[PDB]
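Engineer: the sequence isn't on hand, but the structure is:
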DNA sequence: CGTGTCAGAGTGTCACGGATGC
DNA sequence: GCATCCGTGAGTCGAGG
RNA sequence: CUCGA
């Protein structure tokens, strides 16, 4: 029903309150730019919303899946486009 | 034990009274929310940092 | 491309005025 | 009704990094 | 950064 679609938005708002602020300090050390870390956080949680497999098992650490997704985004941002210009 | 150590001065008696929150697990979370805001405050996540 | 422990910044100015705020 | 705090300003020119 | 009036 209509209350079932609102439970999906209340589920995302939950993982924000426990992981977003901790994930932000992880990307900040990897990049050094605070405004870049916020970009990494939004992209990471966006993939969590697109991967129901990572939001399924709470008995499996979901915080860690974020730190490696953030690792892969920063190592990809760390390729050719950054290489010349930055 | 705080009043026992800082009792000889009246400026410290006015500090524990004007204080807002009391409790070992209470002022430990008060420090956590001003130091690392936006994070869930656990009695053992502030005991760690 | 896929992604499932966690690892986490700079700090020795000041005078002065007026909007900002308990 | 007022103490607080924010934002503003703080010589000019020249040579090499 | 370092110096010249």
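Structural biologist: All right, it came through fine. Numbers count the residues shown, from 1 in each chain, chains lettered A, B, ... in the order given.

Engineer: when you work out contacts or count neighbours from here on, use the C-alpha atoms and nothing else.
Structural biologist: Fine.

Engineer: the residue most central in space within chain A is in what secondary structure piece?
Structural biologist: Most central in chain A under Cα atoms, centre = their mean is residue A:44, positioned 2.3 Å from the mean C-alpha point. Secondary structure assignment for residue A:44, by DSSP states H and E: helix A:34-50.

Engineer: what's the helix or strand following that helix in contact with?
Structural biologist: Next helix or strand after helix A:34-50 toward the C-terminus (DSSP H and E): helix A:52-56. Residues from elsewhere that reach helix A:52-56 (Cα atoms under 8 Å, 6 or more residues apart in numbering or on different chains): A:48, A:49, A:62, A:65.

Engineer: could you identify the buried members of those residues?
Structural biologist: Among the contacts of helix A:52-56, the ones that count as buried by 16 or more other Cα atoms under 10 Å in any protein chain shown are A:48, A:62.

Engineer: centroid-wise, who is the farthest residue in chain B?
Structural biologist: Outermost residue of chain B (Cα atoms, centre = their mean): residue B:8, 21.2 Å.

Engineer: now that one, what's its secondary structure?
Structural biologist: coil (DSSP: H, G, I helix; E, B strand; the rest coil).

Engineer: now the strands for chain A?
Structural biologist: Listed in chain order, chain A contains no strands at all (DSSP state E).

Engineer: re the thing from before, which residues does the residue nearest to the centre of chain A contact?
Structural biologist: By Cα under 8 Å, 6+ apart, the neighbours of residue A:44 are A:66, A:69, A:70.

Engineer: which one of these sits closest to residue B:46?
Structural biologist: Lowest distance from residue B:46 to the contacts of residue A:44 (Cα to Cα) belongs to residue A:66, with 22.3 Å.

Engineer: neighbours of that closest one, how many?
Structural biologist: Neighbourhood size, residue A:66 [other Cα atoms under 10 Å in any protein chain shown]: 20.

Engineer: ok, back up a step: against residue B:34, how distant is the residue nearest to the centre of chain A?
Structural biologist: To residue B:34, residue A:44 is 26 Å away according to Cα to Cα, to the nearest Å.
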